[PDB]
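Data from my_file_37.cif: mmCIF, C-alpha atoms
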data_final
loop_
_atom_site.label_atom_id
_atom_site.label_comp_id
_atom_site.auth_asym_id
_atom_site.auth_seq_id
_atom_site.Cartn_x
_atom_site.Cartn_y
_atom_site.Cartn_z
CA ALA L 1 0.00 0.00 0.00
CA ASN L 2 2.76 2.46 0.95
CA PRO L 3 6.37 2.89 -0.11
CA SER L 4 9.12 2.95 2.46
CA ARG L 5 10.70 6.36 2.87
CA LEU L 6 13.90 8.06 4.04
CA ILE L 7 13.64 11.53 5.56
CA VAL L 8 16.90 13.05 6.87
CA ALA L 9 16.77 15.92 9.30
CA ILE L 10 19.04 17.88 11.63
CA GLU L 11 18.27 18.81 15.21
CA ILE L 12 20.03 21.98 16.37
CA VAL L 13 20.05 24.16 19.52
CA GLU L 14 22.19 27.04 20.84
CA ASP L 15 24.39 25.98 23.76
CA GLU L 16 27.76 26.26 25.52
CA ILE L 17 29.79 23.45 24.04
CA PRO L 18 33.39 22.56 24.57
CA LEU L 19 35.98 24.06 22.22
CA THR L 20 38.72 21.48 22.33
CA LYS L 21 33.26 26.64 27.17
CA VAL L 22 32.11 28.95 24.34
CA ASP L 23 28.86 29.83 22.61
CA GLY L 24 28.04 27.73 19.56
CA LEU L 25 25.75 24.87 18.55
CA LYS L 26 24.59 21.38 19.60
CA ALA L 27 23.60 19.31 16.57
CA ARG L 28 22.48 15.81 15.71
CA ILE L 29 21.34 14.02 12.57
CA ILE L 30 17.98 12.28 12.92
CA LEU L 31 15.48 10.39 10.76
CA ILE L 32 11.81 11.28 10.46
CA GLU L 33 9.40 8.36 10.00
CA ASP L 34 6.54 9.39 7.75
CA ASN L 35 5.18 7.64 4.63
CA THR L 36 1.82 9.35 4.95
CA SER L 37 2.54 13.00 4.14
CA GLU L 38 3.03 14.03 0.56
CA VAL L 39 6.72 14.21 -0.22
CA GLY L 40 8.12 17.72 0.38
CA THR L 41 5.77 18.73 3.17
CA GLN L 42 7.79 18.07 6.28
CA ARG L 43 7.92 21.11 8.56
CA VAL L 44 10.63 22.66 10.75
CA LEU L 45 9.48 21.70 14.25
CA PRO L 46 10.75 21.77 17.88
CA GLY L 47 12.73 18.64 18.76
CA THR L 48 13.32 17.09 22.16
CA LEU L 49 16.64 18.80 22.85
CA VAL L 50 16.94 21.59 25.40
CA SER L 51 19.75 24.00 26.09
CA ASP L 52 21.81 23.95 29.29
CA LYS L 53 22.72 27.59 28.70
CA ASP L 54 19.42 29.46 28.30
CA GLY L 55 16.50 27.00 28.36
CA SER L 56 15.93 27.28 24.61
CA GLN L 57 14.51 24.40 22.64
CA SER L 58 15.99 22.60 19.63
CA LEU L 59 14.43 22.75 16.18
CA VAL L 60 14.33 19.92 13.64
CA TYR L 61 14.95 20.80 10.04
CA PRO L 62 13.98 18.32 7.37
CA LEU L 63 16.92 18.33 4.97
CA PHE L 64 16.00 15.75 2.33
CA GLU L 65 13.44 13.10 1.53
CA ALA L 66 13.51 9.98 -0.65
CA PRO L 67 10.62 7.52 -1.31
CA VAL L 68 11.36 3.93 -2.41
CA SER L 69 10.21 2.95 -5.92
CA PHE L 70 8.13 -0.10 -5.01
CA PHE L 71 5.45 -1.18 -2.53
CA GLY L 72 6.28 -3.33 0.43
CA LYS L 73 8.11 -3.81 3.69
CA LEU L 74 11.06 -5.02 1.62
CA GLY L 75 11.66 -1.43 0.54
CA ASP L 76 12.99 -1.05 4.10
CA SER L 77 16.03 -2.94 2.81
CA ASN L 78 16.91 0.12 0.74
CA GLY L 79 18.98 2.90 2.29
CA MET L 80 22.00 5.12 1.65
CA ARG L 81 25.27 6.78 2.63
CA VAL L 82 26.39 10.41 2.31
CA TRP L 83 29.57 12.26 3.05
CA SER L 84 31.26 15.58 2.31
CA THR L 85 34.46 16.04 0.32
CA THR L 86 37.73 17.32 1.79
CA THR L 87 41.04 18.75 0.57
CA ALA L 88 42.54 16.15 2.88
CA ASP L 89 41.66 12.92 1.10
CA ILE L 90 43.04 10.19 -1.10
CA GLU L 91 40.40 10.92 -3.76
CA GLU L 92 40.11 14.43 -5.06
CA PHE L 93 37.01 16.37 -6.06
CA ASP L 94 36.06 19.35 -8.22
CA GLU L 95 37.80 22.13 -6.28
CA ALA L 96 37.29 24.74 -9.01
CA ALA L 97 33.64 23.83 -9.28
CA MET L 98 33.22 24.47 -5.59
CA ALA L 99 35.22 27.62 -5.89
CA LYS L 100 33.15 28.94 -8.77
CA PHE L 101 29.75 28.12 -7.27
CA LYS L 102 30.70 28.51 -3.62
CA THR L 103 29.07 25.26 -2.63
CA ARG L 104 30.08 21.92 -1.15
CA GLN L 105 30.61 18.61 -2.93
CA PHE L 106 29.13 15.48 -1.50
CA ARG L 107 29.20 11.81 -2.25
CA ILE L 108 26.06 9.72 -1.89
CA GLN L 109 25.87 5.97 -2.33
CA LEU L 110 22.81 3.71 -2.33
CA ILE L 111 22.94 0.47 -0.37
CA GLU L 112 20.83 -2.60 0.38
CA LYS L 113 20.54 -5.20 3.13
CA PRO L 114 21.37 -7.85 4.13
CA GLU L 115 24.28 -6.35 5.99
CA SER L 116 28.57 -4.86 5.60
CA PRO L 117 25.59 -3.68 3.52
CA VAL L 118 25.60 -4.21 -0.22
CA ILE L 119 26.32 -1.28 -2.56
CA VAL L 120 23.96 -0.56 -5.43
CA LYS L 121 26.17 0.59 -8.27
CA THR L 122 24.98 3.38 -10.50
CA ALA L 123 23.98 2.55 -14.08
CA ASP L 124 27.39 3.58 -15.48
CA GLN L 125 28.73 1.16 -12.86
CA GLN L 126 30.30 3.56 -10.33
CA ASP L 127 30.25 2.91 -6.59
CA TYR L 128 28.89 6.33 -5.78
CA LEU L 129 27.43 9.54 -7.16
CA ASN L 130 29.03 12.98 -6.85
CA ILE L 131 26.43 15.60 -5.96
CA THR L 132 25.76 19.10 -4.70
CA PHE L 133 22.59 19.97 -2.85
CA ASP L 134 22.40 23.15 -4.84
CA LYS L 135 21.03 23.76 -8.31
CA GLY L 136 23.00 25.13 -11.24
CA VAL L 137 26.29 23.46 -10.47
CA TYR L 138 27.98 21.97 -13.53
CA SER L 139 31.24 20.08 -13.23
CA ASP L 140 33.87 19.95 -15.94
CA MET L 141 35.66 17.19 -14.02
CA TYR L 142 32.74 14.79 -14.26
CA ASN L 143 31.17 16.58 -17.21
CA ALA L 144 27.84 16.41 -15.44
CA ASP L 145 25.24 18.41 -13.57
CA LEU L 146 25.79 17.75 -9.87
CA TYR L 147 22.47 18.74 -8.34
CA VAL L 148 21.08 15.71 -6.48
CA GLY L 149 17.42 16.39 -7.30
CA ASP L 150 18.22 16.44 -11.01
CA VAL L 151 20.64 13.58 -11.27
CA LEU L 152 20.24 10.76 -8.74
CA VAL L 153 17.19 8.82 -9.85
CA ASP L 154 18.30 9.35 -13.45
CA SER L 155 21.77 8.01 -12.62
CA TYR L 156 20.62 4.80 -10.95
CA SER L 157 18.37 4.12 -13.89
CA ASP L 158 18.75 2.82 -17.46
CA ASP L 159 15.92 2.57 -19.96
CA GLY L 160 18.07 0.03 -21.85
CA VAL L 161 18.37 1.73 -25.23
CA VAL L 162 21.95 2.26 -26.30
CA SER L 163 22.51 -0.13 -23.40
CA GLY L 164 20.56 -3.00 -24.93
CA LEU L 165 19.78 -4.59 -21.59
CA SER L 166 16.58 -4.88 -19.55
CA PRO L 167 15.48 -1.42 -18.41
CA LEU L 168 17.08 -0.66 -15.02
CA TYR L 169 15.22 1.33 -12.37
CA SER L 170 16.34 3.25 -9.32
CA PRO L 171 15.44 1.98 -5.83
CA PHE L 172 14.51 5.57 -5.00
CA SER L 173 11.89 7.26 -7.16
CA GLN L 174 12.74 10.85 -6.16
CA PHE L 175 15.16 12.90 -4.14
CA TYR L 176 13.47 15.99 -2.65
CA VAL L 177 15.73 18.64 -1.18
CA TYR L 178 14.52 21.14 1.44
CA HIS L 179 16.46 24.11 0.01
CA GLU L 180 15.16 26.74 2.38
CA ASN L 181 15.81 24.57 5.45
CA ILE L 182 19.33 23.78 4.24
CA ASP L 183 20.15 27.44 3.66
CA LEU L 184 18.75 28.22 7.13
CA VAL L 185 20.91 25.49 8.66
CA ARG L 186 24.12 26.45 6.85
CA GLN L 187 23.85 30.13 7.69
CA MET L 188 23.43 29.21 11.31
CA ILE L 189 26.63 27.13 11.31
CA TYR L 190 28.57 29.60 9.16
CA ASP L 191 27.71 32.47 11.52
CA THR L 192 28.38 30.53 14.70
CA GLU L 193 31.73 29.46 13.38
CA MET L 194 32.90 32.77 11.91
CA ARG L 195 32.36 34.15 15.37
CA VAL L 196 33.89 31.21 17.29
CA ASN L 197 36.82 30.60 14.95
CA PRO L 198 37.26 33.52 12.54
CA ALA L 199 40.33 32.10 10.84
CA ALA L 200 37.96 29.44 9.40
CA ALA L 201 36.83 32.09 6.90
CA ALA L 202 39.98 31.29 4.91
CA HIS L 203 38.54 28.24 3.21
CA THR L 204 34.96 28.50 4.42
CA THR L 205 34.12 31.72 2.56
CA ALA L 206 30.39 31.16 2.05
CA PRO L 207 27.52 29.60 4.02
CA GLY L 208 27.07 27.48 0.94
CA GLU L 209 30.31 25.69 1.69
CA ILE L 210 29.17 24.31 5.05
CA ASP L 211 29.01 20.51 5.40
CA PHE L 212 25.81 20.16 7.37
CA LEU L 213 25.92 16.34 7.49
CA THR L 214 29.28 15.28 8.83
CA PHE L 215 30.31 18.76 9.85
CA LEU L 216 33.75 18.69 8.38
CA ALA L 217 35.19 21.91 7.03
CA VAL L 218 36.77 21.90 3.61
CA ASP L 219 40.28 21.67 5.12
CA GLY L 220 39.19 18.45 6.70
CA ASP L 221 38.77 19.76 10.19
CA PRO L 222 35.52 19.51 12.16
CA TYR L 223 33.98 22.90 12.82
CA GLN L 224 34.96 24.34 16.22
CA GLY L 225 31.47 25.78 16.76
CA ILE L 226 29.66 22.46 16.56
CA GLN L 227 29.44 19.67 19.06
CA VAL L 228 28.06 16.59 17.31
CA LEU L 229 25.85 14.08 19.10
CA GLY L 230 26.43 10.45 18.13
CA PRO L 231 24.43 7.33 18.91
CA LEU L 232 25.45 7.66 22.54
CA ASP L 233 23.41 10.90 22.50
CA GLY L 234 20.33 10.20 20.33
CA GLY L 235 22.01 10.85 17.02
CA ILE L 236 23.01 9.25 13.79
CA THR L 237 26.51 9.19 12.37
CA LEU L 238 26.50 9.77 8.61
CA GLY L 239 29.61 9.26 6.50
CA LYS L 240 31.20 6.52 4.35
CA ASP L 241 30.14 3.88 6.89
CA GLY L 242 27.03 5.69 8.07
CA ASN L 243 24.11 3.56 7.02
CA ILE L 244 20.56 4.89 6.89
CA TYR L 245 17.55 2.92 5.63
CA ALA L 246 14.12 3.86 4.40
CA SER L 247 11.25 2.69 6.56
CA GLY L 248 7.51 2.44 7.14
CA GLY L 249 6.82 0.07 4.23
CA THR L 250 3.31 -1.41 4.29
CA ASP L 251 1.91 -4.40 2.34
CA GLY L 252 -1.86 -4.40 2.82
#

Could you take the file, read its structure, and then write that structure out as structure tokens?
Amino acid sequence: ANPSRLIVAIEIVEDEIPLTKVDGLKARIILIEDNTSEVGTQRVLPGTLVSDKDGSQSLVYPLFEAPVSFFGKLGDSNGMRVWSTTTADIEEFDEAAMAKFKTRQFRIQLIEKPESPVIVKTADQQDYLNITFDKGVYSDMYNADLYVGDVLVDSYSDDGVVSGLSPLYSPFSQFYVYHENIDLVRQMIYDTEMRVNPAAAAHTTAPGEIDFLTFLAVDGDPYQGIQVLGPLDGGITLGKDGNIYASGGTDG
């Protein structure tokens, strides 16, 4: 009756964190479980976090949302991984593209259980897809558009034409990005950090360059104005090994 679904969100509050206090942010990645609402209608809402500093309450910002392509509880076997790029790693990434468009480059990969989980290769047979959460970014390195919304489904799909094989379809039928929420979240972290650690403006020159998922700065270094909350603290670790699955699949 109902597809499984993945909704990724971020819970943030203002608090005194440690700076290894100081005034910055307490954040944690969370999943919202809803297969009822129409896709793209999650709201920013107060979470369960409170602030030791001033009694303020956390807010929860839906970031993105992806429905599974097919009915059934088995759709709950679909999920994904996501991580930001860094001028610290083994692989490189499109540094001039980022420069030009002042946005951050991310890698997303689809996965399936049984779990390590199994990696769903893209059509062109790559292990992962290079994306930006912003529109208009075109990469000369990968000669592709990078915007997730425009490219993911399409990339894990293959109508079979010049391919000659059985049409291939993506396990996720659409990737909806909450642009406004993301911009709201990045600004928040950009501001906080420019204040806390103003040298960080050297490579983080725009709010659009903020990694709001794994909270690494471009240089590779985790922002000094964020204190991340892992599973110990009600959170979810994203990243190369950070597995998240759709849910709420119903058979009827």

Problem - Point-to-point distance in Å for CA of residue 236 (chain L) and CA of residue 155 (chain L) - result: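 Separating CA of residue 155 (chain L) from CA of residue 236 (chain L) is a distance of 26.5 Å.
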
Exercise for the section: Evaluate the PyMOL selection byres ((chain L and resi 186) around 7) here and jot the selected residues down as a list in words. Expected result: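 Applied to this file, the PyMOL selection byres ((chain L and resi 186) around 7) returns residues 182, 183, 184, 185, 187, 188, 189, 190, 207, 208, 210 and 212 of chain L.
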
Practice task
Would you kindly return, as a ChimeraX atom specification, each protein, DNA or RNA residue with an atom no farther than 12 Å from any atom of residue 142 (chain L), considering only C-alpha atoms and excluding same-chain residues fewer than 3 positions away?
Solution key: /L:92-95,97,129-131,137-139,145-146

Problem - Top pick for closest residue to residue 152 (chain L), considering L:80, L:70, L:201, L:104 and counting all atoms listed in the file - result: L:80

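Candidate residues L:2, L:110, L:162, L:58 were compared for distance to residue 27 (chain L), and the nearest is L:58, using all atoms listed in the file.
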
Handout entry: Explicit residues for the PyMOL selection byres ((chain L and resi 102) around 8) (as a PyMOL selection string)
Key = chain L and resi 97-101+103-104+205-206+208-209

Practice task
Rank L:12, L:216, L:202, L:66 by their smallest atom-to-atom distance to residue 46 (chain L), using all atoms listed in the file, and report the top residue only.
Solution key: L:12

Problem - One-decimal distance in Å that lies between CA of residue 215 (chain L) and CA of residue 199 (chain L) - result: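 Rounded to one decimal, the two atoms are 16.7 Å apart.
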
Practice task
Between CA of residue 67 (chain L) and CA of residue 231 (chain L), measure the distance and give it in Å to one decimal.
Solution key: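 Answer for the CA of residue 67 (chain L) to CA of residue 231 (chain L) separation: 24.5 Å.
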